[PDB]
Amino acid sequence: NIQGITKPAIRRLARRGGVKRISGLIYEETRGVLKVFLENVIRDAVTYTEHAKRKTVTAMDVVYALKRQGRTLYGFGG
Amino acid sequence: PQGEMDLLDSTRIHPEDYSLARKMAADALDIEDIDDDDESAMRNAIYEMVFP
Amino acid sequence: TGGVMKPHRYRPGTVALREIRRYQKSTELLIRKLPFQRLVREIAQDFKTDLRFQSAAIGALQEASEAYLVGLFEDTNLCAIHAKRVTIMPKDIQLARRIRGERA
Amino acid sequence: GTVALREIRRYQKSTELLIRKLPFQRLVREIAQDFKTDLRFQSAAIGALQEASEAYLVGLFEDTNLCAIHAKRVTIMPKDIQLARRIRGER
Amino acid sequence: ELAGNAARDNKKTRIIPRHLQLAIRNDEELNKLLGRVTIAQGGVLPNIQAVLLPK
Amino acid sequence: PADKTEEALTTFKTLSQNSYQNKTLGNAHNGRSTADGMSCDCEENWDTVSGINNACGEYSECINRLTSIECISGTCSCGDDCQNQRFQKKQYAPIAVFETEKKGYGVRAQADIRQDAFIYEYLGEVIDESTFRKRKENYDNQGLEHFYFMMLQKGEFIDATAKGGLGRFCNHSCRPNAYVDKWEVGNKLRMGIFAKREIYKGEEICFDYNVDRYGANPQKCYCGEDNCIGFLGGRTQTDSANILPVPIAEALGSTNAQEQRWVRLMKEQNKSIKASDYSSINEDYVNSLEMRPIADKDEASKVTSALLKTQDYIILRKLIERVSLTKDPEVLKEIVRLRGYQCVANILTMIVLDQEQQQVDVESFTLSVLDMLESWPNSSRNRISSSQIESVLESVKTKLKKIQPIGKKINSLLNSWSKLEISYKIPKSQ
Ligand SMILES: Nc1ncnc2c1ncn2[C@@H]1O[C@H](CSCC[C@H](N)C(=O)O)[C@@H](O)[C@H]1O
Ligand SMILES: [Zn+2]
Ligand SMILES: [Zn+2]
Ligand SMILES: [Zn+2]
């Protein structure tokens, strides 16, 4: 379901960054880099959860993993 | 059709008659580019005859 | 003679600059919630199943992913502007990731 | 053009420091003077500063070369310097 | 303080994350300190390049 | 020509502003009130001598001006009376009305007008689609020979029949000097008329209508422009749609672009190309066509259909040349499955047995058609047996026995084909 990140949505995301024109081949590249980033953060959150002896990933594990990667997130109980 | 598994392994035909069964299947489908020594085309023909 | 005169179309970029201002003024999530949730579940399935994902965890993941993508597109826009182009290409994405250190 | 590649081949195989020692020492002392006076300096601290500054400048020149290559040029320009610094996050 | 002021230019009595993001990113030293943090529901400052505009 | 400004004005109820059938129609963003109205960051530039706020000028960097949005006083940082309030301040260009030779009343510039300058706001009643249909039917019953409707947006039109402004008198030009544009003023939408170029005094002001007839009959255009299409209509074209039938054209490798290019290069430059009819083949187009090798089986099927359909010598020559360029074995196997030999037999017969051409050119054709027959992969005379093309080859080597290269090539071809067989092939019940 990587195709679920649809073309208008990624167009909107590029548009927030101030981009005027979009190449036709860029969408697969953005899907790939988003997959890589999500893979890394999800992996770290999952092993945090496995160390915590839990079966449900909470928001704290996600914020912890992100802050450990230098991508500190405010607003979710950090 | 070129895979490790074989269609005729689910039948009573002995492995010594597999090329005989594939020649029957290829000749039944009116193929004419077929040559006896080409096992790949035989396997394709029998695969398309049994699982079109 | 009951025909209608048409208003024609806008120039390429005018509606682009409009929607640039509109999306830079507003703050809602731009990725649909359910496909993102399915994607997160698909990625998480590969390590260990039966893993429940709180709604707040999915929301935090979505916010972080949107922030990362917006920052990457800002850097890629700087790269494209530097090369005297207005269209971003995958080579600018790869270069931005290279200089950022994300790609080895 | 040939000697440019010769210089690249010679310097990329060598490991000694390329910044001259005494001007760099005077530069470090001149910068440190305006934070506190009568400051002493260990020699190893000056050597550590020299090594770190050389490594940082080498990395910056490599990223700048990538930026110059991007714009279909072979000569690096100051706009490449501030592009690399801006993307890397320095202000 | 800076967030309340930024809300005050927007004629609002509610401080929202948008005003906090505006207050953080519009001040040089605060942006330097909070460089590597992402404010949830904060958005992005309006910035359009000069040569990006048509002629 | 004598001025007709007051006479034109008396024909309708003059409006200073657009009227609305209801408050919902004509609203910007489909009525979604953008409470955060787009405020330009321009600083107010007051000239102390004239007391005029020069902000948001033509050469200023006002974002709203670039995006075709007007500043609203009390909401923008530019302050009141900025230079981007052209619609609201109603600062129209000076214009006059004069009687034309065939178009009736028309608008002319009373002064020299700069490029991109706002000329005049198109005025009328804002109406819905049903009201538009009712008014259109009533006017068609009245026999009115003039358009007075413009599309503000989807489902929302502006009528200039009974009430409006001078802009309703602007006439269509196929090479116009002015153009209509859509702008946003506050939470509303306006339609303005702007100068496309530099216009001098006395010149008529015209814009492209781009008429959506909605099934109405065409009306002839008497604008006098050299590039006139002759009729009022949002669309127009020439013979650049088809010269040959689609499967036959695509068989030759030609597409919509290649069929466009030939007609655009000659018909627009005073050389005759007939009306669309595939009963007569234009040999010059087929000769001038570009040829590329075939690597798609559907294109091979189209080639086989063209062989079965087209009787022209030149089309068959160029298809055979394209086959000569073609060297993909799978496409050739597909042609064999389609029995290309059967078609090539008739192609031979029509040219070298029936004689509609010259012996030298037919000899060149035969040398150009024996080569791929020699080159194609063959494994069994069962392929040939579906065509018996060997019989045709014997007949043509016997007829052109004096041309010994053709005879020797057909000798080599039949020698190669005669080596074939089918090893052992199991007989089938009959
Ligand atoms: N170039 C042209 N030649 C002939 N008729 C034209 C024309 N341009 C516009 N018209 C006619 O003018 C109509 C638009 S209303 C224009 C004003 C009106 N014809 C008048 O003189 O009072 C169109 O429906 C069309 O029928
Ligand atoms: Zn302005
Ligand atoms: Zn203004
Ligand atoms: Zn015309």
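Shown for chain C, in order and in Swiss-Prot numbering: 33-136.
Positions of Cβ are set from backbone N, Cα and C atoms, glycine also.
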**Report entry** Record feature phosphotyrosine (Swiss-Prot), assigned residue among C:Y42, C:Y55
**Finding:** C:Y42
Query raised in the report: Of C:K65, C:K80, C:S87, listed here as modified residues, which sit with their C-beta under 8 angstroms from a C-beta of chain F?
Result: none
Report summary line: argmin Cα dist to C:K80 (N6,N6-dimethyllysine) over the modified residues C:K57, C:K65, C:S87 returns C:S87
Requested in this report: Could you find out if DSSP has C:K65 (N6-methyllysine) as helix, strand or coil?
Outcome: helix
Query raised in the report: What does DSSP call C:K80 (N6,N6-dimethyllysine) in the simple three-state scheme?
Result: coil
**Report entry** Chain A contacts among the modified residues C:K65, C:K80, C:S87 (Cβ under 8 Å)
**Finding:** C:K80
Query - Residues from C:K57, C:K80, C:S87 facing chain E - modified residues, CB under 8 A - result: C:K57
Query raised in the report: In terms of DSSP three-state secondary structure, what is the assignment for C:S87 (phosphoserine)?
Result: helix
Query raised in the report: What's the CA-CA gap between C:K57 (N6-methyllysine) and C:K65 (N6-methyllysine) in angstrom, rounded?
Result: 21
